[PDB]
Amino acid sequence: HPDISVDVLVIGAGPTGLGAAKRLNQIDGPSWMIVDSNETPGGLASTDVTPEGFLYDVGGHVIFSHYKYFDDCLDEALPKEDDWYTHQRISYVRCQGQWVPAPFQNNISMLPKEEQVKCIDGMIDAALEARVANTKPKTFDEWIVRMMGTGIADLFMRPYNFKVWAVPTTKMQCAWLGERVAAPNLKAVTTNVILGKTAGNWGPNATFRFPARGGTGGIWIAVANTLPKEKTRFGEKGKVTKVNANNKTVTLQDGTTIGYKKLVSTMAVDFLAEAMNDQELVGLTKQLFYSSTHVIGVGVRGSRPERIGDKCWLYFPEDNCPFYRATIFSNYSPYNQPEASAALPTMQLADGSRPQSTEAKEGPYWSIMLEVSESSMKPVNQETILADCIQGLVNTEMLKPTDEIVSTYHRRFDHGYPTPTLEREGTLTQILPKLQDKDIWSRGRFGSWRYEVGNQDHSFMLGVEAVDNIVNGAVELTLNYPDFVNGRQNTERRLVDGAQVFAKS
């Protein structure tokens, strides 16, 4: 008999786990418990801070919510107006010395006229081809060229996506992009070229909110805090080392054993196969493919430069910098960096030179957060990547050579992106149902490995819906039909459902 017995055990306290925990707590029927090897919940949606006081998320994290349930839990966790800052979704592509507003193809009027000719000719070919197309594209690359034409594909989406996924576009599937037909909007693109028009895809109704304090990690600390503490085990005491699927028993690192009836596992599924000592499953999970994420943070002295402005996140297809995305993290919250009165010496200049004195000077400060991908097809020299990033900041005119850097941050995250390879679905259909038949719900960004439902809201809801399937026989819609949940407003499920209203009478 194990030390502890619950109906439903949840492994992991990132968004997916916390989602399961929240729904279990709401339903208040089956017994449950949640464990995590980290003392601080949040997983990949956590936040670090440098010794100089600059915060960094695990890369650019912008919330877009497809679900009212997710909203409910965030509102409950951070109920005050001044718990949040609201920003428009402002983004650009760096290309040929220019900041080109998203969406890229609608804004190529910024490029030289000869580039415009190349871009439109390419898209004309794609339009005429789309007119007689009667097959869906098989790879990501085919999708891109059918959607954009050669010229435009080559300027942005092809080289950008290699820098992101650390595999060639030709190696990825394309179903994960949705059911929209791969064909260009020739008229829209040429109309903006003729008119000499730029138009970004944001405005007063395209916004996001970001926590006032603690970065993205502040959300999940606050959400976890609404759970009954005696049902959590966070830290070394909550680290899973063994999963005996046949016994329905989990062993923690300190020797604690937990018997369960149903298992919701949100750790990476390759890690779960190892913890299960299941050589068949280990074999299968090793066929999955993922990339690692290097997060680089740069803290900079000065009031925000005009060239930077209200920019939120930025894309970099070109090979004059190693990162694929930059985030002006200091724009998200004034508390992502020190106040202007805080004194800090200059660590280095952007040109790499190490400055005159050790004099601590005042602010204000601003902050850049960068992401570089790594995989077996794309190695990264960890010793030089910080310096290479900083030079990239100078090449892209984000920093002047003389800009003063007062803090740096670098951290490698092993599992960063679950890759939509051609082989992904074939491998998953061999893994997830096998786990299912042992009463294991493996779910999450790496729990079920599907990037298209891999955001904080998706993840949270994969946990919520797993519980709902376990308890109420609900359909796991986010897991099995990403196009369905991404194409609608999911308003039906709330943090207070009729069941709780009726019961409280």
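We number the residues from 1 along the sequence you see.
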Is the mean CA B factor in the deposited entry higher across 330 to 338 or across 252 to 260? 252 to 260
Mean Cα B-factor comparison, 275 to 283 or 108 to 116, giving the higher one as deposited: 275 to 283
For the listed 301, 400, 237, 411, which has the peak Cα B-factor recorded in the PDB entry? 237
Per the deposited entry, the peak Cα B-factor within the set 419, 96, 139, 198 goes to 198
Divide the modelled residues of the chain into thirds by Cα B-factor and specify which third, lowest, middle or highest, holds residue 441. middle
Taking the chain's C-alpha temperature factors as the reference, tell me which third residue 449 falls into: lowest, middle or highest. lowest
If you rank the chain by CA B-factor, which third does residue 355 end up in: lowest, middle or highest? highest
Taking the C-alpha B-factors as the PDB entry records them, is residue 178 in the lowest, middle or highest third of its chain? highest
If you rank every modelled residue in this chain by C-alpha B factor, which third holds residue 56: lowest, middle or highest? lowest
